[PDB]
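What follows is a set of notes on a single structure, which appears directly below.
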Amino acid sequence: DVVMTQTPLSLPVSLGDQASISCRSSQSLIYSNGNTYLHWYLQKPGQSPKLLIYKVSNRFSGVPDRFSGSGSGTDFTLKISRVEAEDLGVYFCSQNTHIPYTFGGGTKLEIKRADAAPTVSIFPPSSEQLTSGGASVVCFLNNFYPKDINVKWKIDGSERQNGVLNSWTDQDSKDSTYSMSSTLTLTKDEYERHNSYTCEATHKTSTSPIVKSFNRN
Amino acid sequence: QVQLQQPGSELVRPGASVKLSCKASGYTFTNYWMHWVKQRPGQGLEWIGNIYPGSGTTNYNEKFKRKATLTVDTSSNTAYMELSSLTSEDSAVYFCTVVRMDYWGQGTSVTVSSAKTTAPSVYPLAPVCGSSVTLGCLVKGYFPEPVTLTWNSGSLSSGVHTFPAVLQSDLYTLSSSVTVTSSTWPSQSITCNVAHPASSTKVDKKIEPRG
Ligand SMILES: [C]C(=O)[N][C]1[C](O=P([O])([O])O[C][C]2O[C](OP([O])([O])=O)[C]([N]C([C])=O)[C](OC([C])=O)[C]2[O])O[C]([C]OP([O])(=O)O[C]2O[C]([C]OP([O])([O])=O)[C]([O])[C](OC([C])=O)[C]2[N]C([C])=O)[C](OC([C])=O)[C]1[O]
């Protein structure tokens with residue numbers, strides 16, 4: 001029913017910066033008392049949401065003084081006066097004036113830091129896997145920034161796409177980086193038909209791709 | 001910091017029902033509305049409804065009337081949501097919360113699937129045959145989640161990257177990397193530890209160098 005429109009959907013910010021998240025309801029949020037039930041939550045990775053600001057502008061207790069909120073009618077704003085490393089996570093507005101309570105889409109706050117290139121590492125099939133007739137080839141792309149990366153697989157020069165499983169960590173809370181794992185699974189019979197397996201990563205930090213490879217001897 | 005205890009995961013079958021529990025404690029359960037929020041991976045918070053443990057009065061979100069049923073037991077200080085006629089759109093994390101007080105529970109990850117619980121295969125990942133060295137653990141073909149993967153019983157927290165599990169045809173795969181200095185391995189042993197309670201699998205894999 002009542003729609004909350006939250007922007008930006010991603011908030012890149014440097015430590016120390018002022019930032020602003022905005023939330024637009026499609027209806028007045030004044031209740032049957034004079035109050036206006038718009039809240040703000042921060043959900044840190046893995047965790048549940050926590051309450052930052054309630055009723056447009058009042059800082060919830062045990063909430064750092066650098067969060068504050070304001071607005072009226074149909075546009076509302078959560079202001080962060082000085083980003084810290086704690087502050088990464090997803091940020092939501094919610095309205096509670098109207099049943100059903102509705103939440104904004106969220107704004108993922110990214111800590112912006114200096115560029116960092118992937119630490120690529122590749123792994124041949126373990127012996128224990130190969131006896132059971134499977135051949136997985138794993139390749140870690142560790143601690144890079146920014147998050148936009150793309151990994152590629154090369155088998156005896158030619159590219160290979162069917163068989164890959166990709167996974168991506170969230171933004172590390174200590175060094176503000178990103179990692180990715182990629183596994184390419186074949187049978188033992190196909191894997192012994194090839195000689196060279198390569199793992200290629202193209203990222204912002206280089207024009208040339210980072211490449212780690214092995215041969216079966 | 002956690003007043004509401006919720007089970008961590010729960011596996012259920014399409015078309016079945018499940019009753020999720022939310023155990024209040026350390027406050028007057030009868031004094032505050034209890035709310036239920038759903039979050040599908042890829043975030044997004046949907047409010048399901050609330051109930052007032054003192055009287056039993058409920059409010060439901062029209063999107064969930066046909067799906068959810070909220071109840072209390074004021075003797076045991078427990079709240080219940082029952083999700084019935086389950087499809088895979090009901091796989092999500094389900095939260096109970098006291099809005100007025102900002103009490104939340106940890107959420108329960110509800111998996112809806114026909115797959116039978118399956119035990120992982122754990123493969124050591126030694127480096128290929130120069131200052132730091134990276135090792136891996138491959139955990140493959142298990143169901144459902146979660147698997148719990150530590151390194152040396154959690155004593156190399158720094159330098160560990162565990163990647164979110166990735167599902168494919170009712171089976172999950174899991175990988176973790178650990179990075180130490182070169183003087184540490186194979187000087188000292190590094191063992192990957194895997195637990196998957198749903199299948200009672202609890203195994204260690206010592207990373208041995210290849211050759
Ligand atoms: C509007 C709304 O809703 N809001 C919400 C609520 O919650 P709960 O408790 O859960 O409840 C639920 C209910 O509600 C209502 O009822 P009444 O009787 O009250 O009116 C309704 N709703 C609607 C939409 O309608 C119902 O439904 C029906 C009937 O249908 C439901 O179910 O509430 C809460 C709380 O609020 P308040 O009351 O207002 O209070 C608050 O505030 C105040 C003031 O202050 P300042 O700062 O601002 O100045 C205070 O005092 C208080 O304190 C305490 C602790 O208590 C409070 N605070 C807080 C933080 O809270 C809300 O919550 C919030 C957060 O807001 C919600 O949202």
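Convention: chains lettered A, B, ... in structure tokens order; per-chain residue numbering from 1; ligands numbered from 1 as shown.
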**Prompt:** Using only C-alpha atoms and all ligand atoms, which protein or nucleic acid residues are at most 10 Å from ligand 1, as an MDAnalysis selection string?
**Reply:** (chainID A and resid 29:40 51:61 94:101) or (chainID B and resid 31:35 49:52 57:60 97:102)
**Request:** With a distance threshold of 8 Å and counting only C-alpha atoms, extract the residues of chain A near chain B and express them as number ranges by chain.
**Result:** A: 47-51, 99-106, 121-126, 128-129, 140, 165-169, 179-181, 214
Tell me, as an mmCIF file with N, CA and C atoms, in the first residue's frame, which residues lie within 12 Å of residue B:185, counting only C-alpha atoms; anything in the same chain fewer than 2 positions away does not count.
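Dumped everything to part_25.cif:
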data_model
loop_
_atom_site.group_PDB
_atom_site.id
_atom_site.type_symbol
_atom_site.label_atom_id
_atom_site.label_comp_id
_atom_site.auth_asym_id
_atom_site.auth_seq_id
_atom_site.Cartn_x
_atom_site.Cartn_y
_atom_site.Cartn_z
ATOM 1 N N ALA B 126 45.708 -27.851 -0.777
ATOM 2 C CA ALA B 126 47.092 -27.447 -0.627
ATOM 3 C C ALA B 126 47.549 -26.641 -1.835
ATOM 4 N N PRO B 127 48.579 -25.817 -1.673
ATOM 5 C CA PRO B 127 49.076 -25.028 -2.802
ATOM 6 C C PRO B 127 49.721 -25.887 -3.882
ATOM 7 N N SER B 131 56.142 -15.346 -0.245
ATOM 8 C CA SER B 131 56.333 -14.776 1.089
ATOM 9 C C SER B 131 55.234 -15.132 2.081
ATOM 10 N N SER B 132 53.973 -15.044 1.674
ATOM 11 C CA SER B 132 52.851 -15.643 2.381
ATOM 12 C C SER B 132 52.342 -16.839 1.586
ATOM 13 N N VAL B 133 51.541 -17.678 2.229
ATOM 14 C CA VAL B 133 50.972 -18.837 1.552
ATOM 15 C C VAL B 133 49.488 -18.956 1.879
ATOM 16 N N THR B 134 48.711 -19.398 0.900
ATOM 17 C CA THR B 134 47.264 -19.480 1.030
ATOM 18 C C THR B 134 46.830 -20.933 0.924
ATOM 19 N N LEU B 135 45.952 -21.359 1.832
ATOM 20 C CA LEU B 135 45.382 -22.695 1.800
ATOM 21 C C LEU B 135 43.861 -22.602 1.705
ATOM 22 N N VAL B 178 42.569 -19.457 3.948
ATOM 23 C CA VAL B 178 43.301 -19.028 5.132
ATOM 24 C C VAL B 178 44.697 -18.636 4.659
ATOM 25 N N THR B 179 45.164 -17.454 5.052
ATOM 26 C CA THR B 179 46.474 -16.985 4.606
ATOM 27 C C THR B 179 47.410 -16.728 5.762
ATOM 28 N N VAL B 180 48.523 -17.435 5.784
ATOM 29 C CA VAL B 180 49.518 -17.322 6.839
ATOM 30 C C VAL B 180 50.859 -16.910 6.209
ATOM 31 N N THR B 181 51.824 -16.586 7.059
ATOM 32 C CA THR B 181 53.161 -16.359 6.542
ATOM 33 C C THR B 181 53.809 -17.694 6.191
ATOM 34 N N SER B 182 54.823 -17.639 5.327
ATOM 35 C CA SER B 182 55.408 -18.879 4.820
ATOM 36 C C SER B 182 56.108 -19.683 5.912
ATOM 37 N N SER B 183 56.603 -19.021 6.956
ATOM 38 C CA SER B 183 57.289 -19.736 8.026
ATOM 39 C C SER B 183 56.341 -20.508 8.926
ATOM 40 N N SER B 187 55.384 -25.775 8.529
ATOM 41 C CA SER B 187 56.046 -25.776 9.826
ATOM 42 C C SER B 187 55.087 -26.264 10.899
ATOM 43 N N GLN B 188 53.961 -25.569 11.031
ATOM 44 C CA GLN B 188 52.881 -25.920 11.931
ATOM 45 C C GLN B 188 51.690 -26.434 11.123
ATOM 46 N N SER B 189 50.935 -27.360 11.713
ATOM 47 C CA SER B 189 49.814 -27.924 10.986
ATOM 48 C C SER B 189 48.662 -26.927 10.927
ATOM 49 N N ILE B 190 47.936 -26.968 9.821
ATOM 50 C CA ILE B 190 46.735 -26.167 9.652
ATOM 51 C C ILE B 190 45.604 -27.104 9.264
ATOM 52 N N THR B 191 44.589 -27.207 10.120
ATOM 53 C CA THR B 191 43.482 -28.123 9.883
ATOM 54 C C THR B 191 42.184 -27.357 9.697
ATOM 55 N N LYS B 206 43.400 -32.105 7.688
ATOM 56 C CA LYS B 206 44.711 -31.486 7.809
ATOM 57 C C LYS B 206 45.233 -31.191 6.407
ATOM 58 N N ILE B 207 45.556 -29.930 6.148
ATOM 59 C CA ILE B 207 46.126 -29.569 4.855
ATOM 60 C C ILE B 207 47.541 -30.129 4.795
ATOM 61 N N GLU B 208 47.746 -31.104 3.938
ATOM 62 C CA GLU B 208 49.074 -31.640 3.700
ATOM 63 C C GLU B 208 49.635 -31.066 2.418
ATOM 64 N N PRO B 209 50.920 -30.744 2.370
ATOM 65 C CA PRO B 209 51.508 -30.297 1.103
ATOM 66 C C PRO B 209 51.470 -31.419 0.072
#
**Test item: residues at most 6 Å from residue A:177, only C-alpha atoms, excluding those fewer than 5 positions along its chain, as number ranges by chain** = A: 143-145, 171-172
Quick one: write out the picked residues with C-alpha atoms as a compact mmCIF listing (two decimals), in the first residue's frame?
# COMPACT_ATOMS: atom_id res chain seq x y z
CA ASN A 143 41.24 -8.57 -0.68
CA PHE A 144 40.53 -6.24 -3.61
CA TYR A 145 38.75 -2.90 -4.08
CA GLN A 171 32.72 -5.78 2.63
CA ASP A 172 35.22 -6.76 5.33
**Asked** Which neighbours of stretch 5-12 of chain A fall inside 10 Å, counting only C-alpha atoms, when residues of the same chain fewer than 4 positions from it are skipped, and could you give them as a ChimeraX atom specification?
**Response** /A:19-26,75-77,88,90-93,103-113
